[PDB]
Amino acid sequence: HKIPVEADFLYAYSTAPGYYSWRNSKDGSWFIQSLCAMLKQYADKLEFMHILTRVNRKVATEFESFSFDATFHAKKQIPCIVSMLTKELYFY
């Protein structure tokens, strides 16, 4: 009969709850860089959750902060996929 009014949302967060998100002053945010690269390469192949899981790995393994302020230097980031979706999502 009915569905929850909260169903069928997906929140792709750039960072874990509580944490800072990192951005490169010339190349853009780690997360959006990686999301656009993964979509370009896999959006005609992979389901959305699996593209977003590859975004997680790219950000987690390839990015580390460079800061002239030591407090902000050599930091890491894991994005945070939050799915109230009820079906798989394919972009083609």
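If you superpose the two forms and keep the largest set of C-alpha atoms that fall within 1.5 Å, you have the rigid core. All residue numbers refer to positions in the sequence shown, first residue = 1.
Superposing the other copies on the rigid core and comparing 48 to 56 to 62 to 70, farther C-alpha placement in 8 other deposited structures of this protein marks 62 to 70.
The PDB entry assigns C80 a C-alpha temperature factor belonging to the lowest third of its chain's modelled residues. Among the modelled residues of the chain, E64 sits in the highest third by CA temperature factor in this PDB entry.
Ranked against the other modelled residues of its chain, the C-alpha B-factor of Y20 as given in the entry falls in the middle third. In the deposited entry, the Cα temperature factor of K40 sits in the top third of values across the chain's modelled residues. Among the modelled residues of its chain, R54 has a C-alpha B-factor that falls in the middle third, as given in the PDB entry.
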